Amino acid sequence: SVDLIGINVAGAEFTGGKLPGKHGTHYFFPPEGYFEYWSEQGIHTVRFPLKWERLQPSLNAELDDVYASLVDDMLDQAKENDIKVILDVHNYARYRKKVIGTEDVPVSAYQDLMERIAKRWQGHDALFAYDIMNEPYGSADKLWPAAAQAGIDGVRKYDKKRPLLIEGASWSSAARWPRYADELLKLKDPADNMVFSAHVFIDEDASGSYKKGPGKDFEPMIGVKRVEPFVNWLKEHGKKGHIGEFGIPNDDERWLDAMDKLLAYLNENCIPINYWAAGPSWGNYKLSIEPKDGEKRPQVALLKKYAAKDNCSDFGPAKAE
């Protein structure tokens, strides 16, 4: 049903300055055999970033044959290896650097993209859900709620079953969620399968760059404290939630303890998580959980412990009763 433990598989969105770019040089899809390792580890849900400009080089027009076919291939391999996939439009509420809702990118063009994504892949067994837009921020924040409704309407023309994952303003910050999220209360899903998805990192600025270590004033509950504003908003408003991104470096055991406390809190509240990140071409990336010679991935052992716990019947938090 709904797996509480999942991973991001990043690479198809890399090198945004090269459009269309070349597969194998600027961007990377999973090679053959890739999902076998993760299925063997007991991870069965993947969030998969995609670049809007590569999927649709022209607004309101057919999806790109080559790039969309690489998505086809990836979903085929996920199905072969018992993996369910959340497709993520990894675009910050922008197309070619212009905000959805401006003159150059009308909401109707965003609706068109989501229609074409759902039309092409709603019949694919490996597709689990649609994360309609990664991290709206900045000048896109005010227009994002209107764009979100258009994206919902686009998907629902072709897929009236699967969950829709709706991110929030300000990089979908979990910690700042209640500051801005009341504007999302007007969103409507006729299929009643809408889930809000927030992001959290536990470095000082919560950006995930980890410019410093935990420090002397480290609190093991830092992750819990940063998702509480989000989860409490969900409870107050009877909404369902999800954590689309969280990751830590592999070089300090204190980060692992905070990750453990966060996973325990999310488990108690039936909130799934997608670790950021695995992927076929991360190299030395400090948050990567992809196997690499000479690198230990203690985050994976922790995820595996939680992946064996019972899933919940649906996205939490549970309704008050």
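Looking at the entry header, you'll see X-ray crystallography listed as the method and 1.470 Å as the resolution.

Under the PDB entry, the chain has the name Endoglucanase and belongs to uncultured bacterium.

Visitor: Quick one: what's the story with the overall build of the chain, residue by residue and with numbers?
Guide: Across its full length, the chain holds ten helices and ten strands. Relative to the compact-globule value of 20 Å for 321 residues, the chain shows a C-alpha radius of gyration of 18 Å, a close match. Along the first, second and third principal axes, the C-alpha atoms of the chain reach 50 × 45 × 35 Å. Out of the 321 residues belonging to the chain, those deemed buried represent 56%. Across the chain, contacts joining residues at least 24 apart in sequence account for 81% of those joining residues at least 6 apart. When the accessible surface of the chain is summed, it comes to about 14000 Å², and 48% of that surface belongs to carbon and sulfur atoms.

Visitor: I'd love a proper account of the packing of aromatic side chains, names of residues and values included.
Guide: All told, the structure shown has 22 aromatic pairs when counted by the stated rule. Pairing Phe29 with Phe48 gives two aromatic rings, centres 5.5 Å apart and planes at 40°, and the pair type is tilted. Here the residue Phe29 occupies a position in the loop between strand 1 (5-9) and helix 1 (34-40), and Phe48 occupies one in strand 2 (residues 45-50), the gap between them amounting to 19 residues. Each member of the pair, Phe29 together with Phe48, is buried. Taking 6.0 Å as the distance between ring centres and 70° as the angle between the ring planes, the aromatic pair formed by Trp177 and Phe196 counts as edge-to-face. Of the two residues, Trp177 sits in helix 7 (residues 177-180) while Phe196 sits in strand 8 (residues 194-199), which places them 19 residues apart along the sequence.

Visitor: Tell me what's going on with a negative patch on the surface, and back it up with residues and numbers.
Guide: A grouping of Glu32, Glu36, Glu40, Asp73, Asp76 and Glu80 is seen on the molecular surface, where their side chains present a negatively charged patch. Of all the elements in the fold, those that place two or more residues in the negative patch are helix 1 and helix 3 (65-80). Here the negative patch gets three residues from one element, more than from any other, and that element is helix 3. Checked against the element boundaries, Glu32 lands in the loop between strand 1 and helix 1. Classification of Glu32 as exposed rests on a relative accessible area of 64%.

Visitor: Tell me about the state of the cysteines, residues and numbers included.
Guide: One covalent bond between the sulfur atoms of two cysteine residues makes up a disulfide. For the structure shown, the criterion picks out one disulfide. In this model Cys270 forms its disulfide with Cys312; the gap between the sulfur atoms is 2.0 Å. Residues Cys270 and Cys312 share a disulfide whose torsion about the S-S bond is about -75°; that sign makes it left-handed. In this pair, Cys270 is assigned in the loop between helix 9 (253-268) and strand 10 (273-278) and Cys312 in the segment after helix 10 (298-307), connecting sequence segments 42 residues apart. On the basis of relative accessible area, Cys270 is assigned to the buried category, the value being 17%. What makes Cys312 buried here is its relative accessible area of 15%.

Visitor: Describe helix 3, listing the residues and the values that go with them.
Guide: Relative to the 22 Å expected for 16 residues at 1.5 Å per residue, helix 3 spans 22 Å between its end C-alpha atoms, a close match to the ideal helical length. Packing partners of the buried residues in helix 3 comprise helix 1, strand 2, helix 2 (52-55), strand 3 (84-89), helix 4 (107-121) and strand 6 (127-131). With a side-chain oxygen positioned 3.3 Å from the backbone nitrogen of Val66, the residue opening helix 3 is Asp64. One or two steps after helix 3, the chain reaches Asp82, where phi turns positive at roughly 65°.

Visitor: Report on the pattern of salt bridges, specifying residues and quantitative values.
Guide: Evaluation of the coordinates by the stated rule reveals 14 salt bridges. The salt bridge involving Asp131 is made with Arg47; its shortest N-O contact spans 2.8 Å. Of this pair, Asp131 sits in strand 6 while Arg47 is found in strand 2, placing the two residues 84 residues apart along the sequence. Note on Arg47: relative accessible area 0%, which makes it buried.

Visitor: Give me the lowdown on the sheet that holds strand 3, citing residues and values where you can.
Guide: The eight strands lie next to each other as 1-2-3-6-7-8-9-10, forming a closed barrel whose pairing is parallel. Taking each pair of neighbouring strands and ignoring which way they run, the sheet shows an average axis angle of 30°. Of the strand pairs in this sheet, strand 7 (residues 164-166) and strand 8 are connected by three bridges, and their pairing is parallel. Paired with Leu164 across the bridge in strand 8 is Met194. Contacts between helix 4 and the sheet are confined to strand 3 and strand 6, with strand 3 contributing the most and set at about 160° to the helix.

Visitor: Tell me what's going on with unusual backbone geometry, and back it up with residues and numbers.
Guide: Put simply, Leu19 and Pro20 share a cis peptide bond, and its omega is 0°. The step from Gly316 to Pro317 runs through a cis peptide bond, and the omega angle for that step is 0°. Along the chain, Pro317 turns up in the segment after helix 10. Although it is not a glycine, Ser172 adopts a positive phi angle of roughly 50°. Relative to the elements of secondary structure, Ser172 occurs in helix 6 (residues 169-172).

Quick notes on the rules
Residues numbered from 1 in each chain as written, not as in the entry; some residues may be left out. Heavy atoms only, no water. Helix = DSSP H or I, 4+ residues; strand = E, 2+ residues; numbered from the N terminus. Rg over C-alpha atoms; globule rule 2.2 N^0.38 Å. Buried < 20%, exposed > 50% of the residue type's maximum accessible area, 1.4 Å probe, protein only. Contact = heavy atoms within 4.5 Å. Areas by Shrake-Rupley, 256 points an atom, 1.4 Å probe, with all protein chains shown as cover. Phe/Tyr/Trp six-rings, centres within 6.5 Å; stacked < 30°, edge-to-face > 60°. Patch = residues over 30% accessible without salt bridge, like charges linked within 9 Å, V, L, I, M, F, W, Y side chains within 5 Å. Salt bridge = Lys/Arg side-chain N within 4 Å of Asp/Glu carboxyl O. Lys, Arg positive; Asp, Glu negative; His and termini not counted. Charge placed at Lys NZ, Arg CZ, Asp CG, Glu CD. Disulfide = S-S within 2.5 Å. Expected span 1.5 Å × (residues − 1). Polar contact = N/O pair within 3.5 Å; in protein donor to acceptor, adjacent residues only side chain to side chain. Pairing = 2+ DSSP bridges. Axes fitted to C-alpha atoms, helices over the stretch in contact; angles between N-to-C directions.

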